[PDB]
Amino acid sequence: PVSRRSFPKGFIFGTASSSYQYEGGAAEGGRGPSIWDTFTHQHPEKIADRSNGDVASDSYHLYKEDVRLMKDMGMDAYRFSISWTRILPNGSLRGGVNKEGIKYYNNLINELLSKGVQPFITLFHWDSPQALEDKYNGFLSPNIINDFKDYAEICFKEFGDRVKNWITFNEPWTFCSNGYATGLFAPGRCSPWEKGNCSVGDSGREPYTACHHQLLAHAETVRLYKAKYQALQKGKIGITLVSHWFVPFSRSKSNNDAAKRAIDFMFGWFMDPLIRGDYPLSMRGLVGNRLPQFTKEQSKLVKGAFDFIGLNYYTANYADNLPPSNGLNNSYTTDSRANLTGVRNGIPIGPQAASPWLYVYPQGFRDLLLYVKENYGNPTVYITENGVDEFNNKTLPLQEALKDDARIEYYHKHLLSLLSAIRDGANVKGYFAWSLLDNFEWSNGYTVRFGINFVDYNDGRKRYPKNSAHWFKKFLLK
């Protein structure tokens, strides 16, 4: 069949979570508001079930139970994120350090290590400080860089004696496209005609400005870590990027070039700068002056600025050539001149999960990993997220909700697909399942469940292992 035994010796298995989706205690322990507190409370129409992360999965109180669950599966590692506003309630150093917040993350870190689970920490998982949003529009201003740098530094000082694995940003693609092009995610900015129908924004500039600043904050932080912390702490620092796999809509060459543009715009947007020191040619060509430019100093800094790359994979799309549109309607969403669908002639590329955008296509996992090997020099890679969701359904009896054979099937195929890619050259060192628990799934609220364990939101946030948890327990033996 397949088990951890099939994978290289020393290969790491774990689960992933994020602060805002899991923690709750949104206003406890001195936590300041994030742009997602604001977004969920001020724009409930923009959340499927009009909900928020106030309580979420209550990991702020329940983290000991969480650790116990992952130890029982036999996980090696846990990827979680630190809430910026839990450490610095208004984003900046001069705003004050929150000692109760530090205490929380020490508690979790120590709990994890006491059970032999390695902590991998994400610094930014979208919960950007409201105070910095109000002050200078957050990631739209270059001031974000030094504030982020100071926040990372406090984390290295407080936790770096025990934490040896650091991720700066999680899926900057999703943050920038949904936060600034579609406006469907916090901070909910977009051009007035775009899907989010936002009161402020510019879908043709802001996504590029925000992500340019994320890259610079990342590289700056990497340099800081390598200069002051890596010698005496000996940890690794990286970044998490998401990519779909893009299948050409037909065998034509223009559709093959469309697929290439799709991956350049989603993935290369961040990979090209890190490997080659510049944005992809196609982006520079098609976007011109709306895409900011690295100085030579900055180009030098970003190139090679990582020890590993975290890769998130979920699904694949068909990529179809799009004619230009254009001139007044410029948006990041259409800038690639590619049309992405999950359906071709009424036939979905794979079976569709609870999330409309998620099609089950294990073949694409292999394809993406080999593409990274061949086009980017085969960098050290962790799979930082991979998973699937079922609907939250109030009518199902508990015992039925725990029967998640679709999830088992998803992981089985995807772990086989990952194995075959490793058996070819893929430089993959670990894998993290999204996610340990059902959680706040952003604009979908609690309408969907990604967890390997069930969370009863109506019964005190109780955790119940799903069938897939028992499956992982077997998969992870010895």
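Start at 1 and count along the sequence shown; that's the residue number.
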The stretch carrying the higher mean Cα B factor in the deposited entry, 359-367 or 156-164, is 359-367
Which has higher Cα B-factors on average according to the PDB entry: 396-404 or 114-122?
396-404
Per the deposited B-factor column, the C-alpha that peaks among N330, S92, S141, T221 belongs to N330
Check the PDB entry and point out which of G430, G29, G425, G445 has the largest C-alpha temperature factor.
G425
For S81, return the chain-relative third of its C-alpha B-factor as stated in the PDB record: lowest, middle or highest.
lowest
Should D264 be placed in the lowest, middle or highest third of its chain by the C-alpha B factor in the entry?
middle
Using only modelled residues of the chain, where does the Cα B factor of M271 rank: lowest third, middle third or highest third?
middle
Of the three thirds of Cα B-factor ranks in this chain, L419 occupies the highest
What third of the chain, by the recorded C-alpha B-factor, contains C211?
middle
